[PDB]
Each structure stands twice: as structure tokens, then as C-alpha cells.
């Protein structure tokens, strides 16, 4: 393989998904230049688990997945193995045995708008925790008591999603961060993604 992996499409994407509806790009049959990502001085977070970040260009994997979404600054710590909280429990969950890297950068200049950017959403209500790499896009009214809701937002009956409302004057912890999660999968199948 001589074609480069389309990591540009993921990291430089025009728009990013809401975390509850996180995007997944399946990357295969390509050569990846991972040192380009790690040599970049433009990332706030670059944490890898089960792989050393530098000595990564001479590894081959069956599939590489690139998940991407926007969360709060204060919530980036939840995109890690073994974490709990609103985002890890109800929006995007990494497995305990995660093999991959978590990459984040402040996107206040792109994803906040004056008076509030209500495009980006997170799930506030869910009965049970997500399994690793589970994506829940349902919009059913959340039942917090014994009586059914049937589509109306009232007492004990909550719309499950809420808006971040990113305003450019937000404190850093409330500012938007774009996140890319690279997971590396090694199955008993031909390895389609190698580095060079």
C-alpha cells in the first residue's frame, strides 16, 4: 500500500459530531504517518494506552478506527479507560483494556458562537451506563418516576439531550474541545493498516 491513510479528513474535518452521536471513521488499506500526529504542537491532550506513541509507525493493525466529537474542557479526562461521569457513562465509553490514543485540542475559536452555539449536544439522562464503543442516538423522553411520559416534557419527564451552549467568553473548562480517539485492532485477519 502506498496511499496515505485519510487522517486529514478526521482531524481537519469542517464539522464535528455531538458526543452522543459520535462519528466513527473506519480506516483500512493504507499507510499511516503517526509521527506527524505526535510531532504536532497543536494538541492539548495526546495520551496512548497499550501502545507507545512514538514507536507506532512500525506496527500493522487489522483495522484502525477514528472516533471524533466535541465535549467540554472539563470532560476530556473522562475519555480514558476506567473513567466514570456523565460523558463516560452516557455518551462515549472506552473499554478497560483500551488499545489506542486519545487526542484533544481546544476549539473555542471554531465551535463557540456569540450568544451560544446550541448545535453541540450531550446526553444528560440514561438509565444504565453505555457499553464500550456503544452509541445511543435515541431521543425518547426520559422517565424519572413511575408515571409514563409519552412525548411530553414535564415533571419526571425529561428530554434526554442537553446543549453545551458554547459561548466564546466561557471559562476554559466550559470551552469546546475536539476529540479524536484512535483505536487499533489486531485480529486474526490480514493487516490492512501499516505505518512507514
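Positions refer to the first chain, counted from 1.
Taking only CA atoms, the mean B-factor in the PDB entry is higher for 6-14 than for the other of 177-185 and 6-14.
For the segment pair 105-113 and 73-81, the entry gives 105-113 the higher mean B-factor, averaged over Cα atoms. Highest CA B-factor among the listed residues (59, 137, 64, 130): 59. Of all the options 45, 35, 68, 163, the entry's greatest CA B-factor is assigned to 35. In this PDB entry, residue 91 carries a Cα temperature factor that places it within the lowest third of its chain's modelled residues. Per the PDB record, residue ranking by Cα B-factor puts residue 118 in the highest third of the chain.
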